[PDB]
């Protein structure tokens, strides 16, 4: 069973969420299996950001066991801004564990290096998720975002427990049951950092949402990149903390790391500056 261990108050620099397996912290990057059911194409998603929120929570690469923390810019807590007509993130947003967008090779599909993280996942179901949740999802397709000039694929997925899951099998089904969502997704990822002063992003394939099989192929490639990474065989692991508690044949296996995590110290959410309310009316 997977649960969460929260340290501190949400919306603070001290906030951390660790994932626990049967009560013991494990690495959110390395120790949660990619596959919940490999041959039925059912994946474990680690949720970072609930739909319609702003705090830019991420699995952190550089802390032991890779807890989810809030990203920062210029020493400050990062919040993604509201871009009309969207409120925060328009998906439950997270990642697949045991994957890596390899920054050390140019990816041919996109002609750009990877962004150095777990492959990203957009979960489209009705219920709002929680940070650190491990949920089981089916892949429906994938979009090739070039985010600040780096390969940053976005998998389109649904929770297998969603009432609609049985009716969603491939990417065309997304348009059928969620009409306009894929177009809004393309817009969101193009424009969301314009309020921060960044350029508009771009997609490969003129923004096409590639199908389920394409998605599976890219997921599997990023899983192979991770296999090399966790074996200690990347040419440059970028300072990622490869400590894990479930992979005893890897060089960075450590039983002790789980017990060194402090106990939960969950505090009430901290306030968020009112500026985060603002609705930006921007576009590329």
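Numbering follows the first chain given and starts at 1.
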{"query": "Residue range whose averaged C-alpha B-factor is higher in the record, 107 to 115 or 67 to 75", "finding": "107 to 115"}
{"query": "Of 169 to 177 and 126 to 134, the stretch whose C-alpha atoms average the higher B-factor in the entry", "finding": "169 to 177"}
{"query": "Top Cα B factor in the deposited entry, candidates 255, 51, 238, 30", "finding": "255"}
{"query": "Member of 208, 159, 152, 187 with the greatest C-alpha B factor (per the PDB record)", "finding": "208"}
{"query": "Third assignment of residue 281 from its chain's C-alpha B-factors", "finding": "middle"}
{"query": "Residue 224 - which third its CA temperature factor falls in, relative to the rest of the chain", "finding": "lowest"}
{"query": "CA B-factor placement of residue 142, once the chain's modelled residues are sorted into thirds", "finding": "lowest"}
{"query": "CA B-factor placement of residue 38, once the chain's modelled residues are sorted into thirds", "finding": "middle"}
{"query": "Ranked C-alpha temperature factor of residue 259 among modelled chain residues, by third", "finding": "highest"}
